[PDB]
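Here is the structure we will look at, set down as structure tokens.
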RNA sequence: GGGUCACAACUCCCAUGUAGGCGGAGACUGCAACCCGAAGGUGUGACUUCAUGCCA
């Protein structure tokens, strides 16, 4: 589908007349392309409240006077009085009576038919939305079901309700058209390739601004500043910033220790100090060597002082964040990339000395960061060296930190499950073929490397999976990037296999790939097909079959298997024989193995834009980095997808550099230095009121115990880094997570399951082995299962689930999951606030352009959104009839003044502080409910944003396998009904009703419910 | 006090109030699928729909 200012092209007349409502007259002006756009743009006329005029849309009032709306309701009531129930009959009767009344009203008034056409279109849209006949979609089904009730039927026919609904619809369409006008002339002064490009650029800028706001909140956390504005140039705040941690009459050693300890969670300060100390020591022993340590020697006096280093690092950070906040939303630079280039041109890297030293120290640490990751996952305690050396050799390897992945590249997990299932199916069919024919076929190894072992524990398969994941991520994908023919070297074969089961589902996929086509185009069409399939499944409320995703998984699994055969064939037997040994685990880390990851980032001189953007990436935890990386991947694919006359090569290269830098920051962990044995002098306090008794009573684990990875430690470090512990100790105080029932259940070693096969289960490993054995026996024989084993399965399942929930509550995994969910609820509202800010900027620009505001210039508009508060600038700038004109676009008459303050509450991230979790006198609701309702009030200029508030909250909750229900109470307020947890359905078709297990425990659900309604609600 | 009734989106367009099409299109406007991915448990292979059978 392609449309332009002329027509539209690939019912038929709807395709042809689908063109843009706006056009450029080649002189900088935008003019309407039809009558409806001109009518929508001229509806808003500002009104003087002192003179007596109240509304800003007089034509809508006159049209609501002409359209009676009172005899229509009586006519419809009289018409449907002879229908009883049967909501479809009511729908046809209402539709017929409505079209009769509309044609009579059109015949009655011939003078004002022109605007009557658009009024009739709005009325017909209302009646089609609320009285549906067809029920193919789900929403139409529930509207028809709601048509059964007589009370809702009476409510839907009120004259005031219908008039207000038509007015709201028309005002919403007018506002959207003004915003579309204002989007142009801010980027332009062909539709398909330009509007999508503007959408992509705005998405990238908004994601960057969310990252900037997160780093601003982190900087305010560092400086311990109460309200105000840290990124300021006026005298008192600047003098406070320049004097921070100076002297001793104002600040104490505890202050500098707390500041440097907060800074250590994001920055490698201790390693930098040790590096400078060893660099100073080495200069006194060599008298003739041209080493690259001149830059490090200049800043030796700063980094040797804690106060000076902290103050200087905070100063350079504040300079970078302030320059980023000044730009990006500037009117000059179209792209964030050229904004970074202009910042790097303005501010030289000679000023940023501590920042560039931190960048260099982090760049020259990948060599041991990769070794730390390899040791951390599973690898050394299941392989007896001299094979990891054959894979991760210390000489130059084909391993890289980050590959510029192509769109819709599958993850390792889906590929692994698909290949493992295909291998199991092949094994079963070969065994069944050996039963029918007693001849041993010499073939049978065509899909190995996905074998499920037969040491055969669950940890051994974990280690094998992790090794294959490392090879897939750092070796196979750069090889595919350099030479894609590997994947193509399999594609035809997979299609043939599908045909071998026809005597199909890949018929749609058989037509796209002819002979030789760039896989990039293939994944773009498969992305389109997957998108339509998912959207249709979501719309029609049915679960369908995804053939394109399965095809992608199949071809990538075949390519991975053949690649592993080509390079690691001599070590297949040694890879498939893991063996647990703690001696190699205690070794391999005292040797400082320092493996040989490679990257394209320079080792002696950082680039200017990368150095400017480095603290922003350094101040994001784990998920905002992923969102920024996905936005950069989408931007790169979008730039590559456009045709000629583009000139976007340098932007593509810089975007790839940003992706690689983000991957480097993600890989190079900040070295949490927990040390000690259990506690230190930070988390201990931040974690007293979550342990039911004392931590010494839980000494069996939390220290030594299994002598393995201590997740509890990574969980507590990542929990304490996020800075939400003060909020959680104010809100979730009486919701202790360690408990004593869970520790008693974990210390239980005398399970009462009474296993049938001449033994008794005493450990969770034996229970997991019984689950695996019983599930394999069920998998081979689904239709024939003994009644004893079917209840034995549930008997071990419930005990294992109780044990796992006790472990998850004890290991602080539930609290960390709640923190991840809470930080996901935030930064969605920040995205909503960014959307509102951009929309209001473009709306005000469009209003000023078409002479709507009298004594207001474009300079004032840009100065509203340049510096200072946006809200205060709007209040001090627009007044009289202009403020009434601005307020005319928010329909919900229940609100009054003091609104738009939720923008300042969200953008400053007040919910990340203890003082923000307080409510006004009254309001009878919870903090989250209050924020939801104020967000609906703020976003009421756009209907889709107002519905997307609750929609996105429900989707975020459902991503964690948790439900949440809302009910609308009196006055239109939303309130939380319940939360609960969904259930995973175990063995199906087992001559039994099916075992049902909740996906989350009661402690997790109760804590999430306590967070959602803090005061009441 | 339907006055913010979301979940069950929103926008645009199909010739003469006629005429439909209660029909189409939309990374063009937002949620999604895909990835982040740790977290993780729900047997598989193969095809139709307003979620249940159909064959080894």
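Numbering (the UniProt record's numbering), first residue to last: 17 to 26, 174 to 352, 360 to 624, 654 to 702, 712 to 1225.
In this text, a Cβ means the ideal position worked out from N, Cα and C, and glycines have one as well.
DSSP places residue 871 outside any beta strand (DSSP E); the residue lies instead in the alpha helix (DSSP H), whose first and last residues are 857-875. Bounds of the alpha helix (DSSP H) holding residue 921 are 919-929.
Cα atoms of residue 282 and residue 319: separation of roughly 18 Å, rounded to the nearest angstrom.
Per DSSP, the continuous beta strand (DSSP E) segment holding residue 1182 begins and ends at 1182-1186.
Beyond the five residues adjoining it in sequence on each side, residue 1192 comes within less than 7 Å, by CB distance, of 1205 and 1207 in the same chain, given in chain order. The stretch 575-588 makes contact with the stretch 721-737, as at least three CB pairs between them are under 8 Å.
About 7 Å separates the beta carbon of residue 807 from that of residue 872, a gap short enough to meet the 8 Å contact definition. Counting only residues of its own chain and dropping the five nearest sequence neighbours on each side, residue 200 has a CB closer than 7 Å to the CB of 184, 185 and 340.
Under the three-state reduction of DSSP, residue 571 is assigned to coil, being neither helix nor strand. Taken through DSSP and simplified to helix, strand or coil, residue 1164 comes out as helix.
Contact annotation, residue 721 with residue 730: C-beta distance approximately 6 Å; criterion of less than 8 Å satisfied. DSSP, reduced to helix, strand and coil, places residue 1192 within a strand of the structure shown.
Contact between the stretch 255-273 and the stretch 207-227 is not established, with fewer than three Cβ pairs separated by less than 8 Å. Within 10 angstroms of the beta-carbon of residue 360 lie fewer than 16 other beta-carbons, which makes it exposed. Apart from sequence neighbours up to five positions away, the residues of its chain that approach residue 503 with a beta-carbon distance below 8 Å are 497, 509 and 512, ordered along the chain. Between residue 993 and residue 1153, the C-beta spacing is not below 8 Å.
Judged by beta-carbon spacing, residue 1029 lies beyond the 8 Å limit of residue 1117, meaning their Cβ atoms are not closer than that value. The beta-bridge partner set that DSSP reports for residue 18 consists of 25. For residue 235, the closest of 248, 246, 251 and 257 by C-alpha to C-alpha distance is 257.
Fully contained in the stretch 1110-1161 are the following alpha helix (DSSP H) runs of length 4 or more, in chain order: 1135-1147. Residue 899 sits away from residue 867, with the two beta carbons spaced by 8 Å or more. Taking 8 Å as the cut-off, the Cβ atoms of residue 401 and residue 300 do not count as close. DSSP places residue 1067 inside the alpha helix (DSSP H), whose first and last residues are 1066-1072.
Taking all protein chains in view, the Cβ of residue 762 is crowded by 16 or more other Cβ atoms within 10 Å, so the residue is classified as buried. The stretch 950-966 and the stretch 1017-1032 touch, with no fewer than 3 CB-CB distances between them shorter than 8 Å. Around the CB of residue 390, 16 or more other CB atoms lie within 10 Å, so the residue is classed as buried. In the DSSP assignment, the residues bridged to residue 185 are 195. Here residue 261 is not near residue 333, since their CB atoms are 8 Å or more apart. Here DSSP, grouped into helix, strand and coil, assigns residue 208 to coil. Pairing residue 207 with residue 1096 gives a Cβ-Cβ distance under 8 Å. Closest by C-alpha distance to residue 1025, out of 1211, 678 and 906, is 1211. Annotated three-state conformation of residue 1221 is coil, per DSSP. A Cβ-Cβ separation of about 12 Å leaves residue 1072 out of contact with residue 1061 under the 8 Å criterion.
Here residue 415 is not near residue 527, since their CB atoms are 8 Å or more apart. For residue 582, the three-state secondary structure derived from DSSP is helix. CA-CA distance, residue 614 to residue 600, rounds to 8 Å.
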